[PDB]
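Student: Input: one structure, supplied below.
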Amino acid sequence: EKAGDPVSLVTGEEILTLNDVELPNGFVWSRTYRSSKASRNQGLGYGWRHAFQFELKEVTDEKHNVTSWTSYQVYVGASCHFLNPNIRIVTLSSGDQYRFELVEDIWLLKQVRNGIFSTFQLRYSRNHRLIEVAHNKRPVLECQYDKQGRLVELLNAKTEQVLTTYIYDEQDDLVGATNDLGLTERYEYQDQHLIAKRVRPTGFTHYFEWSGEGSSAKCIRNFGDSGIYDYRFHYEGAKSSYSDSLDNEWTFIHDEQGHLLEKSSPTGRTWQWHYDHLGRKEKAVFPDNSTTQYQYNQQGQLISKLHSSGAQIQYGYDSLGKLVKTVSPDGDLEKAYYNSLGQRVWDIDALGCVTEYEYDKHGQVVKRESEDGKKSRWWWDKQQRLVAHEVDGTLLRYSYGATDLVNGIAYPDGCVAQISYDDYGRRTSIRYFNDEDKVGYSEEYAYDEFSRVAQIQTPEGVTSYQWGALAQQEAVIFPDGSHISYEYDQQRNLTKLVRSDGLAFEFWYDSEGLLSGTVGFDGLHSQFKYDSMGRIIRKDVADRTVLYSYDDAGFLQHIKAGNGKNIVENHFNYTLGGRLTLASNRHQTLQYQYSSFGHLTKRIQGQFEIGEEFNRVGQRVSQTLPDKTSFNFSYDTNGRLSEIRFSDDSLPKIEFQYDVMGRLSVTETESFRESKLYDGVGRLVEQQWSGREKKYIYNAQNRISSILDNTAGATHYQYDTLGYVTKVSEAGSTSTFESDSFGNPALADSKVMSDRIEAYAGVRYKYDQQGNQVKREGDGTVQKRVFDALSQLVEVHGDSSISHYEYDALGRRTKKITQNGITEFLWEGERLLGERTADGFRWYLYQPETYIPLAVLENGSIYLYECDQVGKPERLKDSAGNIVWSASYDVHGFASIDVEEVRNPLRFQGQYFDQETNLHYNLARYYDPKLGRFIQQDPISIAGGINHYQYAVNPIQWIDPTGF
Amino acid sequence: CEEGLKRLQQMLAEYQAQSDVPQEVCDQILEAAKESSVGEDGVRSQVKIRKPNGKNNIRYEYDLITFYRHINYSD
C-alpha cells in the first residue's frame with residue numbers, strides 16, 4: 001500500500017494528506033482527499049474533510065464515520081457504550097486508543113483524547129458548524145465561513161491574523177490552499193470530481209490518469225513533471241503490480257477481506273502471510289527458510305511469537321492493561337505496574353533502580369525518582385508550559401514572551417540565552433549572554449523566498465545552500481569560496497558528488513535500490529553483493545575480499561578475509577539475542593562469562609582474566625585485576641564517581657569534586673591538586689596545579705590564539721578563515737604552513753596526484769593500489785611495511801630492525817615482537833587497560849568518561865599526570881612532588897623528552913607511541929607525527945570527511961580517538 | 001522517496017556533522033563496514049565514544065514518549 005506516490009494497492013483509490021498548521025503546542029490540522037466516494041460535500045468541497053468533523057449517523061447502530069473516511073466488535077475493537085439517555089453520551093473508545101464522545105440534540109463531538117496529555121474541545125455555532133476549537137480549555141482556533149457553509153479563513157483567537165486561506169472556484173471545491181507557511185498549492189480536477197493535476201508551490205506538478213469512470217475508477221500512469229516519478233500500475237483480479245521509473249516491478253496478492261497475503265520482489269524475495277480466519281496474522285514466511293508463528297490466548301493480545309530456530313517474546317497483560325511483564329527469554333526478565341489511571345510506576349528492569357513517578361493534581365509528570373540519584377524535577381505554571389527543569393542538579397529557568405515560544409533560558413551559572421522570533425516560526429537568531437556586558441557565539445540564519453534554510457552565519461564563517469527546486473541540497477557553498485554540488489538520477493538517488501578540485505565521487509545502485517558500488521576521487525571500484533534478505537555478503541574489494549558468513553539467525557558468524565596471503569579466518573558464536581562472549585582467530589581467543597541476571601563479571605583474554613563485581617544498583621565496585629591487585633570505587637549523590645581507593649594501604653586515595661554544571665572540576669590527592677576554570681561558555685581557559693599555572697586567550701573567531709605558561713611559556717597561533725593552522729610562534733621562531741582548503745600541503749615542496757602526497761620535507765612515500773603507504777624513503781632511511789588483508793600493519797623492516805604485530809579478533813593489538821623483546825597489551829573494551837613487558841604489570845587509569853590519564857601503577861608506586869585541555873600528557877610526577885617525566889610537543893605532535901626517568905608511551909588521546917617506527921597507533925590506524933597525516937585509508941572515508949588521510953582541522957581544538 | 005520539508009532542526013543536525021552525506025547513504029556506508037565496527041554486545045562501556053564514532057570537539061554543549069521509558073520491546 002502507498003507504494004505509488006500516494007495510491008493504494010488493493011484498489012485504485014488515491015489518498016493524499018497534507019498538514020496546514022503546525023503549532024509548537026501540538027495542534028495538527030490535516031485534510032484527506034478520499035477519491036473514493038467523492039460525490040458528497042461536507043462543506044469543504046466534493047470529497048474533502050478537514051479531519052475534525054466526526055459524525056455518528058444514529059445512536060449506535062450507524063457507523064462512527066471517521067474523518068479519514070456494548071455491541072463489541074472483535075475485528076476492530078470498538079467499545080461503544082451508551083450513557084444517560086437525555087444527554088446521549090456515546091464515547092466510542094475504539095481500539096486505536098481514541099475516544100470520540102458525541103452528544104445528541106446538538107449533533108457535535110467533543111473530548112477527543114489522544115493519549116494522556118492530548119485533548120480537544122469543540123464549540124459549535126447556532127447552526128451545525130464548528131466555530132471554536134480548544135486544546136484543553138483556552139481558545140486556540142476559530143473558523144470563518146463565507147455565508148455559504150464553506151471554510152475560508154482560520155484565526156488564532158489570540159492574535160488577529162489569518163492562518164489558512166482556502167480558495168474555491170465555481171465547481172464547489174477548493175483549488176487553493178494558502179497554508180500557514182504561505183505556500184500556495186494549486187489543484188485542478190476532472191469533470192467527475194476526480195483529481196487531474198496538482199501544482200506544488202515550488203513548481204513541481206504531478207499528474208494523474210484514471211481508467212474507469214465514477215467513484216470506482218482506478219488511477220494509473222502517475223507520472224511527474226519531467227519523469228522523476230514514472231509509476232505504472234496494473235490491476236487484475238485480486239493481484240496488483242506496480243513498477244517505478246527504474247523498471248522494478250513489485251507484485252502483491254491479497255484476499256477477499258483486503259489483507260496482504262503474498263508480496264514479491266524483482267530479485268526473487270517473497271513474503272507470505274497466513275491468517276487464522278479471525279483477522280489476525282498466524283504464520284509469517286520470509287524469503288529465507290524461517291517461519292514465525294503467532295499464538296494467541298483468549299482476547300488475543302499476542303501472548304506468544306515464536307521464531308524459527310530461536311525464542312519467543314511472550315508478552316504479558318493482566319486483564320486489560322499495557323505490557324505488565326516482559327519475559328526477555330535471556331537470563332533476565334522485567335516487569336512494571338499499571339493502575340486504572342495510567343501513570344506507569346514501579347518499573348523493575350533486569351537490574352534494580354526502580355522508577356517512581358510523582359504527579360500533581362493534573363496529568364503531567366512532576367517528579368521522576370530512581371535509585372542512587374538520577375532524580376528529575378519539573379515545575380509548571382498556570383499554563384502547560386515548562387518553567388523549571390532539573391535533571392542532575394542544574395535547575396534551568398525558562399522565560400516566555402507571552403507566546404508559546406521559548407524566549408529566554410537561564411543557567412545556574414549566570415549565562416542567559418535570548419532567542420528572537422519573527423511573525424512566523426523558523427527561528428533566525430540565537431545569542432548567549434553572561435554576567436558582564438559582552439557578546440559571544442551568536443549564530444544567524446537566513447531563509448530564501450520558500451521555507452528552506454538559505455544561509456547560516458557562524459562566528460567562523462557563512463555557509464550557504466542552494467536547492468534544485470526540489471529540496472535536495474543541490475549545492476553547498478563554504479565560507480572560503482569553494483562549492484560542493486550533487487547530481488541525482490531518477491527516483492531522487494544520489495549519483496555524483498563534485499567539488500571545486502574537479503574530482504567526482506560516483507555511486508551505483510542495483511535493482512533493489514541499495515548501494516552496489518562506489519568510485520572515489522583517486523579511482524576505486526566495489527560491488528557490494530547482498531543476499532536475499534538485505535545483508536552484505538561479499539565486499540569484493542578490487543584486490544581483497546572480506547567474505548562474511550552468517551549463522552541463519554541474523555548475526556555474523558564467520559569472516560574469511562584474505563587476498564591470497566595472510567588469511568584472517570575470524571570466528572564468532574552469537575547466542576539468541578546478542579551475548580557474543582566469544583571471538584576466535586589464529587592468534588587470540590577472547591572468551592567471556594555472564595552471571596544469572598546478566599553481568600560481565602568475568603572476561604578471559606587468552607591466558608589472562610580480569611573479573612569484576614557489580615553492586616545492587618548495577619554499579620561496578622571492587623574491580624579485580626590479575627597479579628592479585630584490586631581497586632575500590634565509591635559513589636555519592638546523583639550517581640557520579642568521586643572516590644577511588646586501592647587495595648594497598650600504602651597508596652593514597654583520589655577525591656573528585658564537580659561544579660554546578662556536572663563537569664569534572666577539582667581532582668585532589670594527599671600531595672596533589674588540580675583546578676580547572678572555564679569562561680562560562682564551555683571551554684577550558686585556566687588550569688592550576690599548585691605550582692604551575694596555564695592560561696588560554698581566544699580570538700574573535702572562537703579559536704585558541706594565545707597559550708600562556710608560568711614556567712617560561714607564551715605561544716601564539718594564527719589560523720586562516722577556515723581554521724587550519726597558518727603560523728605558530730613558541731619562543732623565538734615562527735613556523736608557517738599552507739593548505740589548499742582541503743587538507744593538503746600546497747607549498748613549494750609538495751606533489752599530489754589526486755589527494756595523497758608524494759614528497760614532503762625531502763621524504764618520499766610510495767602507495768599501492770589500496771592506497772596505503774608501503775615504502776618510505778627519507779634522507780637515507782628506507783622503511784618497508786607489509787600489511788594484512790584487513791588494512792592493518794603486520795610487519796615493518798628496512799631500518800636495520802624487524803617488528804611484527806599481532807591483533808585479536810576485534811582489531812586490537814595484542815602482541816608486539818621487536819628486538820627489545822615481546823610486549824603484551826591488555827585492553828578493556830575500546831580503551832587500553834594495561835600492558836606487560838616481561839618486567840612487571842602496568843595499569844593505566846583514565847577519567848570516568850574521557851581518555852585523559854590520571855595515574856599509573858608500577859612496582860607498588862603511583863605517579864600522577866598533568867595534561868592540558870587537549871588531553872595529551874605534559875608532565876608526570878611522583879608522590880614526593882619531583883619532576884619525573886617532562887616533555888614538549890610541537891605543532892605536529894612530536895615528543896621531545898627531556899627527563900626520561902620513566903617511560904611514557906601515551907599520546908594525544910588513547911594512542912600508543914612506537915619507539916622503532918615513530919608512529920602513533922590508537923585503535924586501528926597509524927599516525928605519523930613527522931608528517932601530520934595517516935598512512936592508510938579508513939572504511940569511513942566518505943562518511944567521516946572529505947579527505948581520507950586528514951586527521952583533523954587543527955590539533956589544538958580537535959581530537960580523534962578510537963582510530964577512525 | 002522523501003518529499004517532506006527540512007526544518008531548521010535537521011539542517012542544524014547535518015551541519016554539525018563532518019560527512020556532508022545524506023542519511024540514506026551514510027547508513028548504507030556504515031552497514032557495508034561490519035568487520036571494523038564490531039564490538040562487544042551487552043557490555044556497559046564507560047568511554048562514551050563508540051567505534052562508529054570518531055572526531056569530536058572538546059567544547060561542551062548543553063543544548064535543550066518523552067516521559068516514559070522503552071523497557072525492551074514495544075510492539
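Quick note on naming: the chains in the C-alpha cells go A, B, ... in the order shown, residues restart at 1 in each chain, and ligands are numbered from 1 in order of appearance.
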Output as CSV one row per residue of chain B within 8 Å of chain A: the closest atom pair and its distance in Å to one decimal place, counting only C-alpha atoms, sorted by chain and residue number ascending.

Tutor:
residue,atom,partner,partner_atom,distance
B:1,CA,A:491,CA,7.0
B:3,CA,A:471,CA,7.9
B:5,CA,A:471,CA,7.3
B:6,CA,A:452,CA,6.9
B:7,CA,A:452,CA,7.3
B:8,CA,A:426,CA,6.6
B:11,CA,A:453,CA,7.5
B:18,CA,A:945,CA,5.4
B:19,CA,A:945,CA,4.6
B:20,CA,A:945,CA,7.5
B:21,CA,A:943,CA,6.7
B:25,CA,A:515,CA,7.8
B:26,CA,A:943,CA,5.9
B:28,CA,A:515,CA,6.9
B:29,CA,A:943,CA,7.0
B:30,CA,A:940,CA,7.3
B:31,CA,A:536,CA,8.0
B:32,CA,A:536,CA,6.4
B:33,CA,A:939,CA,6.4
B:35,CA,A:559,CA,7.9
B:36,CA,A:811,CA,7.3
B:38,CA,A:810,CA,6.7
B:39,CA,A:810,CA,7.1
B:40,CA,A:580,CA,7.1
B:41,CA,A:579,CA,5.7
B:42,CA,A:579,CA,6.1
B:43,CA,A:600,CA,6.7
B:45,CA,A:829,CA,7.3
B:46,CA,A:849,CA,5.8
B:47,CA,A:849,CA,5.1
B:48,CA,A:849,CA,6.2
B:49,CA,A:962,CA,7.9
B:50,CA,A:962,CA,7.8
B:51,CA,A:962,CA,6.4
B:52,CA,A:964,CA,7.9
B:53,CA,A:964,CA,7.5
B:54,CA,A:964,CA,5.5
B:55,CA,A:960,CA,4.2
B:56,CA,A:959,CA,5.9
B:57,CA,A:958,CA,5.3
B:58,CA,A:957,CA,6.3
B:59,CA,A:683,CA,5.3
B:60,CA,A:682,CA,4.7
B:61,CA,A:682,CA,6.8
B:67,CA,A:365,CA,7.5
B:68,CA,A:344,CA,7.8
B:71,CA,A:349,CA,7.1
B:72,CA,A:326,CA,7.7

Student: Got a sec: who's within 9 Å of stretch 373-382 of chain A, counting only C-alpha atoms, leaving out chain neighbours fewer than 2 positions off, as a PyMOL selection string?

Tutor: chain A and resi 364-371+384-393+395+636-640

Student: Compile the contact shell of residue B:65 as an MDAnalysis selection string: residues with an atom at most 12 Å away, counting only C-alpha atoms, same-chain residues fewer than 4 positions apart removed.

Tutor: (chainID A and resid 115:117) or (chainID B and resid 69:71 74)

Student: What does the file look like for those residues with C-alpha atoms, as a PDB file, in the first residue's frame?

Tutor:
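part.pdb, freshly written:
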ATOM      1  CA  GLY A 115      -3.389   9.683  24.984  1.00  0.00           C
ATOM      2  CA  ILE A 116      -2.966  11.170  28.459  1.00  0.00           C
ATOM      3  CA  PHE A 117      -1.856  14.716  27.589  1.00  0.00           C
TER       4      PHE A 117
ATOM      5  CA  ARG B  69      10.917   4.524  29.203  1.00  0.00           C
ATOM      6  CA  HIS B  70      11.125   1.906  26.459  1.00  0.00           C
ATOM      7  CA  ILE B  71      11.769  -1.196  28.543  1.00  0.00           C
ATOM      8  CA  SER B  74       7.153  -2.021  22.478  1.00  0.00           C
TER       9      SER B  74
END

Student: Between atom CA of residue A:109 and atom CA of residue A:133, measure the distance and give it in Å to one decimal.

Tutor: 11.2 Å

Student: Nearest to residue B:37: which of A:861, A:812, A:900, A:143 is it, counting only C-alpha atoms?

Tutor: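 Among the listed residues, the smallest separation from residue B:37 belongs to A:812.
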
Student: Report the residues of stretch 4-51 of chain B whose backbone DSSP state falls under helix (DSSP H, G or I), written as JSON, numbers by chain.

Tutor: {"B": [8, 9, 10, 11, 12, 13, 14, 15, 23, 24, 25, 26, 27, 28, 29, 30, 31, 32]}
